[PDB]
């Protein structure tokens, strides 16, 4: 699954407040699965280097990741949703649900 014809339109990541995204990046950082994100969307190893080195300085790899995948190529929170579905991170989902379309109102508990 890679093609969807983009039959949907969500708020561009560029709009997503960075200071807010830091909450999720920090969270997933503890899971130590940052590499499962970059590779999941297929990225050049040259870009991964910039992230790895940054993490060495008490930082979050996910933070830098978003700065690249969400600033140079631009995207939407839509694709980000189905992304977490990889490791079945129900937590990460509800973490950034108030930012996606209301069409998500179905899986949410109660």
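In the numbering used here, the protein residues as written are 2 to 111. Quick reminder that beta carbons are idealized off the backbone N, C-alpha and C, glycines included.
With fewer than 16 other CB atoms across the displayed protein chains lying within 10 angstroms of its CB, residue 111 is exposed. It is roughly 15 Å from the alpha-carbon of residue 98 to the alpha-carbon of residue 10.
Take residue 78, set aside five residues on each side of it, and the residues of its chain with a beta-carbon closer than 8 Å to its own are 11, 12, 14, 17, 97, 100, 101, in chain order. For residue 45, the closest of 70, 26, 63 by C-alpha to C-alpha distance is 70.
Judged by DSSP in its simplified three-state form, residue 77 adopts strand. Check the Cα spacing between residue 28 and each of 2, 105, 57, 85: the tightest is with 85. Looking at 80, 34, 75, the one whose alpha-carbon comes closest to that of residue 61 is 34.
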